[PDB]
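First comes one chain, alone, set out as structure tokens in the form deposited in one PDB entry.
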């Protein structure tokens, strides 16, 4: 099998580089964050502008949806996170605690917690209801590039430019495991597989790796793309064929066969680094977003 993603929409709304695009769990919306201090909500199927959400004092590096698709959390250079009522665009909570740029964020599957990573080299765990920081994990020795809950919510995976990938116990905050590469390249992105068994880790040596963190063995390796400078999102595509999907610094979207590790498709259209890619929860739809020279969001549809 081979995917046939084709360009359906190009969304131009941000005046600065886009940083992150995420689909709502209910499949209705796409949220985009940008260096222009703004969040925008679009229709996932038609690209129709729904709303602009503002309030952050500086640029935004990441956004994430709650499981009920009602809340958004955003991570900003203004050292804070913000919890937003999507339907009103009102800031429900301002998460204060980090001492530098907040770079990455995610809700847990229950959506009672938020995990954040920061340029202050720490990973924080916040209570959604009260907005209070529950835990501060002294996670890394460099800016935290990604943070992600497993499907059970009990584990938090984190990555950093320091070369480490860590598995943390959510309940205790203890570093349950530490993945180590002897060559130690900066880890620019990490994410649990949709089964919690593996983690997909990007390193700034033009490499993606599917790791079994338990045994500490690299199961898969995906190459061909360019990634040496930016923290580019990667994804497990599961609605059709089992793909690995990632942006690239050569302006392309790369799609690999997960098992064979072969590049099965390259999506062309962006004219700057494709910093972000996301996969629709139910449909074979990919969203992509690019940096300053581009500033657009693109939606791609495939049959398989």
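Positions refer to the first chain, counted from 1.
Omitted here: the form deposited with a partner chain bound. The next part is about that form.
- Exactly one listed residue, out of 86, 95, 210, 125, brings a non-hydrogen atom to within 4.5 Å of its partner chain in the deposited bound form: 210.
- Though the partner is left out of this view, residue 219 does reach within 4.5 Å of its partner chain in the deposited bound form, counting heavy atoms only.
- Taking the partner from elsewhere, residue 135 is found to have every heavy atom lying beyond 4.5 Å of its partner chain in the deposited bound form.
- Contact check for residue 242: a heavy atom falls within 4.5 Å of its partner chain in the deposited bound form.
- Using a 4.5 Å cutoff between non-hydrogen atoms, residue 198 counts as a contact of its partner chain in the deposited bound form.
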